[PDB]
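Q: I am attaching a structure below and will ask some questions about it afterwards.
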Number of protein chains: 2
Amino acid sequence: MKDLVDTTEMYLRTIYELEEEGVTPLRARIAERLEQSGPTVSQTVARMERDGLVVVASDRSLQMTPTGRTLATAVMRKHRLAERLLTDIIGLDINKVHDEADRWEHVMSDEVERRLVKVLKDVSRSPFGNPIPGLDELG
Amino acid sequence: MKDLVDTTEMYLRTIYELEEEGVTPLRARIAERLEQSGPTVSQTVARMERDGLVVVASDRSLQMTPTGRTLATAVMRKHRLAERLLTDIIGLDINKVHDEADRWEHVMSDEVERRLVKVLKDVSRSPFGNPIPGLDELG
Ligand code: NI
Ligand code: NI
Ligand code: NI
Ligand code: NI
């Protein structure tokens with residue numbers, strides 16, 4: 001099992017936060033953030049255009065496709081809902097909530113997600129102030 | 001990301017239930033159960049003796065080593081504690097609790113585990129009647 005658990009999902013989540021921040025999704029940005037090497041990020045980003053999860057502009061700009069984005073949103077929603085659960089009901093040290101969520105977000109289901117929304121008190125923001133996207137797709 | 005999420009952990013969990021049942025941990029048993037092919041189970045079981053997680057007797061019998069076992073126990077404890085959480089606090093359909101746990105057990109931490117025991121009402125049995133092993137190692 002990979003350390004990122006799910007490479008493809010981690011690149012897509014990253015491109016998303018980078019966007020959320022205002023930054024331009026650039027390989028170099030995914031390389032540092034994910035601490036991924038260069039020809040690592042390259043063949044992986046080069047692997048995403050094959051399945052149509054993104055397009056790299058004639059400026060190395062990373063543009064998720066209507067699907068990549070939908071999936072990034074999915075990964076981002078689980079992640080922040082996981083943090084919400086690890087904080088609100090389990091009580092895991094806030095200093096570990098993230099790393100733990102970085103891991104769960106790749107194995108959580110849509111069903112458990114729908115059940116969390118219903119079981120959780122606040123689903124608009126994560127324990128870190130960020131809004132939780134894609135809840136509309138849930139239901 | 002692999003479908004088993006964590007191959008090595010899934011073989012070890014399997015050898016464990018097989019033991020729990022009375023069966024002899026045999027490759028063929030891991031092959032059907034895990035639905036893994038043959039030269040798949042072979043090079044993987046053949047990969048476990050390299051890291052010392054098991055020994056294959058002159059009868060193809062699979063004997064976890066003091067460490068393999070400790071890890072199998074760890075995987076089995078998270079699995080059944082996950083089911084307990086997915087049933088007791090989240091309310092996920094019992095018909096999905098397992099598959100979901102089959103997935104989480106490879107990303108759950110010891111810390112979240114320790115917090116579950118404390119947050120969960122019954123930690124002696126899983127939602128399926130099985131006892132939860134290794135709780136002593138937890139704390
Ligand atoms: Ni986070
Ligand atoms: Ni992650
Ligand atoms: Ni189970
Ligand atoms: Ni599993």
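Lettering and numbering for the structure tokens are positional, with chains as A, B, ... in the shown order, residues counted from 1 in each chain, and ligands counted from 1 in the shown order.
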Which residues form the shell of 9 Å around ligand 3 when you count only C-alpha atoms and all ligand atoms, given as a PyMOL selection string?

A: chain B and resi 76+79-80+82-83+97-102+126-128+130

Q: Filtering to N, CA, C and O atoms, could you give me those residues as an mmCIF file, in the first residue's frame?

A:
data_model
loop_
_atom_site.group_PDB
_atom_site.id
_atom_site.type_symbol
_atom_site.label_atom_id
_atom_site.label_comp_id
_atom_site.auth_asym_id
_atom_site.auth_seq_id
_atom_site.Cartn_x
_atom_site.Cartn_y
_atom_site.Cartn_z
ATOM 1 N N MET B 76 -6.940 -7.424 12.533
ATOM 2 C CA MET B 76 -8.215 -8.002 12.967
ATOM 3 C C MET B 76 -8.915 -7.143 14.023
ATOM 4 O O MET B 76 -10.128 -7.061 14.050
ATOM 5 N N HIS B 79 -10.344 -3.915 12.218
ATOM 6 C CA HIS B 79 -11.442 -4.386 11.390
ATOM 7 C C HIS B 79 -12.732 -4.492 12.192
ATOM 8 O O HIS B 79 -13.728 -3.857 11.865
ATOM 9 N N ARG B 80 -12.708 -5.291 13.253
ATOM 10 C CA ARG B 80 -13.886 -5.486 14.084
ATOM 11 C C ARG B 80 -14.275 -4.273 14.927
ATOM 12 O O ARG B 80 -15.433 -4.118 15.297
ATOM 13 N N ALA B 82 -13.864 -1.254 13.699
ATOM 14 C CA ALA B 82 -14.450 -0.422 12.649
ATOM 15 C C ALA B 82 -15.920 -0.805 12.449
ATOM 16 O O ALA B 82 -16.801 0.052 12.346
ATOM 17 N N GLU B 83 -16.185 -2.104 12.378
ATOM 18 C CA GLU B 83 -17.551 -2.598 12.212
ATOM 19 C C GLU B 83 -18.395 -2.100 13.376
ATOM 20 O O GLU B 83 -19.527 -1.663 13.192
ATOM 21 N N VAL B 97 -21.477 -2.857 6.437
ATOM 22 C CA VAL B 97 -20.519 -2.695 7.515
ATOM 23 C C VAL B 97 -19.221 -3.428 7.264
ATOM 24 O O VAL B 97 -18.144 -2.888 7.479
ATOM 25 N N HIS B 98 -19.318 -4.667 6.812
ATOM 26 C CA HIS B 98 -18.115 -5.452 6.572
ATOM 27 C C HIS B 98 -17.201 -4.890 5.483
ATOM 28 O O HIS B 98 -16.100 -4.435 5.780
ATOM 29 N N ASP B 99 -17.643 -4.946 4.231
ATOM 30 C CA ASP B 99 -16.856 -4.419 3.126
ATOM 31 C C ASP B 99 -16.230 -3.080 3.515
ATOM 32 O O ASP B 99 -15.055 -2.825 3.234
ATOM 33 N N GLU B 100 -17.008 -2.224 4.166
ATOM 34 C CA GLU B 100 -16.480 -0.932 4.563
ATOM 35 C C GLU B 100 -15.322 -1.113 5.532
ATOM 36 O O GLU B 100 -14.310 -0.436 5.419
ATOM 37 N N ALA B 101 -15.474 -2.033 6.478
ATOM 38 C CA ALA B 101 -14.437 -2.302 7.477
ATOM 39 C C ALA B 101 -13.240 -2.984 6.849
ATOM 40 O O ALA B 101 -12.111 -2.826 7.294
ATOM 41 N N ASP B 102 -13.502 -3.760 5.815
ATOM 42 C CA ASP B 102 -12.453 -4.470 5.126
ATOM 43 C C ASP B 102 -11.529 -3.409 4.555
ATOM 44 O O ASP B 102 -10.324 -3.638 4.358
ATOM 45 N N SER B 126 -17.677 -8.057 18.007
ATOM 46 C CA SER B 126 -17.913 -7.248 16.822
ATOM 47 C C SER B 126 -19.410 -7.328 16.534
ATOM 48 O O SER B 126 -20.132 -8.090 17.179
ATOM 49 N N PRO B 127 -19.902 -6.560 15.551
ATOM 50 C CA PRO B 127 -21.346 -6.657 15.299
ATOM 51 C C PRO B 127 -21.769 -8.035 14.806
ATOM 52 O O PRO B 127 -22.960 -8.314 14.648
ATOM 53 N N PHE B 128 -20.795 -8.907 14.581
ATOM 54 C CA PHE B 128 -21.100 -10.233 14.079
ATOM 55 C C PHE B 128 -20.832 -11.369 15.052
ATOM 56 O O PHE B 128 -20.761 -12.530 14.656
ATOM 57 N N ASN B 130 -18.140 -12.021 16.809
ATOM 58 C CA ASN B 130 -16.758 -12.397 17.012
ATOM 59 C C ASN B 130 -16.122 -11.555 18.074
ATOM 60 O O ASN B 130 -16.448 -10.388 18.241
#

Q: Dump the neighbourhood of ligand 4 as a PyMOL selection string: all residues within 10 Å, distances computed on only C-alpha atoms and all ligand atoms.

A: chain B and resi 3-11+13-14+34+75-76+78-79+98-107

Q: Show which residues sit within 12 Å of stretch 61-71 of chain B, as a PyMOL selection string. Count only C-alpha atoms, and ignore same-chain residues fewer than 4 positions away.

A: chain B and resi 8-19+23-30+41-42+45-46+48-57+75-78+105-106+133-138

Q: Taking the DSSP secondary structure from the backbone, can you list the residues of stretch 28-137 of chain A that are strand (DSSP E or B), as number ranges by chain?

A: A: 54-56, 61-64, 125, 131

Q: Could you turn the residues from that selection into a file that holds C-alpha atoms, as a compact mmCIF listing (two decimals), in the first residue's frame?

A:
# COMPACT_ATOMS: atom_id res chain seq x y z
CA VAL A 54 -6.89 16.60 -16.34
CA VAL A 55 -5.31 18.57 -19.17
CA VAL A 56 -1.96 20.30 -19.04
CA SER A 61 -1.08 24.64 -16.13
CA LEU A 62 -3.15 21.80 -14.65
CA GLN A 63 -6.81 21.85 -15.63
CA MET A 64 -8.97 19.07 -14.18
CA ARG A 125 -17.20 23.59 7.78
CA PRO A 131 -16.18 24.65 3.81

Q: I'd like the contact shell of residue A:93 - 10 Å cut-off, only C-alpha atoms, skipping same-chain residues fewer than 6 positions apart - returned as a PyMOL selection string.

A: (chain A and resi 86-87) or (chain B and resi 111-112+115)

Q: Emit the selected residues as a compact mmCIF listing (two decimals), in the first residue's frame, including N, CA, C and O atoms.

A:
# COMPACT_ATOMS: atom_id res chain seq x y z
N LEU A 86 -13.67 12.61 13.27
CA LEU A 86 -12.53 12.37 14.16
C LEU A 86 -12.41 13.40 15.27
O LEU A 86 -11.72 13.19 16.26
N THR A 87 -13.09 14.53 15.10
CA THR A 87 -13.06 15.62 16.06
C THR A 87 -14.32 15.72 16.93
O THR A 87 -14.25 15.87 18.16
N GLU B 111 -4.16 5.20 17.75
CA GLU B 111 -4.74 6.31 18.52
C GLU B 111 -6.25 6.38 18.34
O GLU B 111 -6.99 6.60 19.31
N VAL B 112 -6.72 6.24 17.11
CA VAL B 112 -8.16 6.30 16.87
C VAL B 112 -8.79 5.04 17.46
O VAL B 112 -9.94 5.05 17.89
N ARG B 115 -9.18 5.50 21.07
CA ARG B 115 -10.27 6.46 21.28
C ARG B 115 -11.64 5.81 21.05
O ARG B 115 -12.65 6.22 21.64

Q: Let's see if you can do this: from backbone DSSP, list all helix (DSSP H, G or I) residues in stretch 14-138 of chain A, as a short mmCIF file (atom, residue, chain, number, x, y, z; two decimals) with C-alpha atoms, in the first residue's frame.

A:
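The file below, part-v9.cif, is the result:
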data_model
loop_
_atom_site.label_atom_id
_atom_site.label_comp_id
_atom_site.auth_asym_id
_atom_site.auth_seq_id
_atom_site.Cartn_x
_atom_site.Cartn_y
_atom_site.Cartn_z
CA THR A 14 -3.98 18.85 -4.13
CA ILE A 15 -4.82 20.61 -7.41
CA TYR A 16 -8.07 21.48 -5.62
CA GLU A 17 -6.63 23.13 -2.52
CA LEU A 18 -4.11 24.92 -4.74
CA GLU A 19 -7.11 26.32 -6.61
CA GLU A 20 -8.91 27.06 -3.38
CA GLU A 21 -5.85 29.09 -2.37
CA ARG A 27 3.52 20.35 -11.35
CA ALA A 28 6.19 21.97 -9.18
CA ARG A 29 3.41 22.82 -6.75
CA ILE A 30 2.26 19.17 -6.60
CA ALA A 31 5.89 18.12 -6.30
CA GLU A 32 6.66 20.17 -3.22
CA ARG A 33 3.30 19.89 -1.50
CA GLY A 38 9.80 15.42 -10.52
CA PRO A 39 9.70 12.48 -12.98
CA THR A 40 7.33 11.06 -10.37
CA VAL A 41 4.86 13.92 -10.69
CA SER A 42 5.48 13.99 -14.44
CA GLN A 43 4.59 10.45 -15.39
CA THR A 44 1.73 10.54 -12.89
CA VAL A 45 0.35 13.84 -14.22
CA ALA A 46 1.17 12.30 -17.58
CA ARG A 47 -0.94 9.35 -16.50
CA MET A 48 -3.92 11.46 -15.61
CA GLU A 49 -4.40 12.91 -19.09
CA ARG A 50 -4.74 9.36 -20.33
CA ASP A 51 -7.83 8.65 -18.26
CA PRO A 66 -15.36 17.96 -15.69
CA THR A 67 -14.68 14.48 -14.25
CA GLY A 68 -11.35 15.00 -12.57
CA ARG A 69 -12.94 17.92 -10.77
CA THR A 70 -15.97 15.90 -9.74
CA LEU A 71 -13.63 13.29 -8.26
CA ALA A 72 -11.39 15.87 -6.56
CA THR A 73 -14.53 17.29 -4.99
CA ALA A 74 -15.51 13.78 -3.84
CA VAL A 75 -12.06 13.24 -2.25
CA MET A 76 -12.17 16.70 -0.60
CA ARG A 77 -15.66 16.12 0.81
CA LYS A 78 -14.74 12.77 2.45
CA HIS A 79 -11.53 14.23 3.81
CA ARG A 80 -13.18 17.14 5.60
CA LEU A 81 -16.15 15.05 6.73
CA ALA A 82 -13.64 12.53 8.16
CA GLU A 83 -11.92 15.31 10.12
CA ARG A 84 -15.34 16.39 11.36
CA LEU A 85 -16.02 12.85 12.65
CA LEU A 86 -12.53 12.37 14.16
CA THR A 87 -13.06 15.62 16.06
CA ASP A 88 -16.75 15.75 16.93
CA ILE A 94 -6.72 17.65 16.75
CA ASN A 95 -3.04 17.35 15.98
CA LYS A 96 -3.67 14.02 14.28
CA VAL A 97 -7.10 14.59 12.78
CA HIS A 98 -5.62 15.63 9.46
CA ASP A 99 -3.06 12.91 8.72
CA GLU A 100 -5.72 10.43 9.79
CA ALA A 101 -8.22 12.00 7.38
CA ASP A 102 -5.60 12.13 4.68
CA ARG A 103 -5.75 8.36 4.99
CA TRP A 104 -9.45 7.63 5.43
CA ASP A 110 -20.68 7.58 -0.27
CA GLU A 111 -23.10 5.69 2.02
CA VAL A 112 -21.02 6.29 5.15
CA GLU A 113 -20.72 9.88 3.98
CA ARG A 114 -24.48 10.26 3.69
CA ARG A 115 -24.76 8.72 7.15
CA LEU A 116 -22.18 11.11 8.59
CA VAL A 117 -24.04 14.19 7.35
CA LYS A 118 -27.06 12.78 9.13
CA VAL A 119 -25.11 11.76 12.20
CA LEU A 135 -22.57 17.89 -0.28
CA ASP A 136 -25.19 18.55 -2.97
CA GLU A 137 -23.96 15.55 -4.96
CA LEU A 138 -24.41 13.47 -1.84
#

Q: Restricting the calculation to only C-alpha atoms, which member of A:132, A:90, A:123, A:139 is positioned closest to chain B?

A: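 Using only C-alpha atoms, the shortest distance to chain B belongs to A:90.
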
Q: Looking at B:36, B:124, B:60, B:91, which one is nearest to chain A, with distances taken over only C-alpha atoms?

A: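 Closest residue, counting only C-alpha atoms: B:91.
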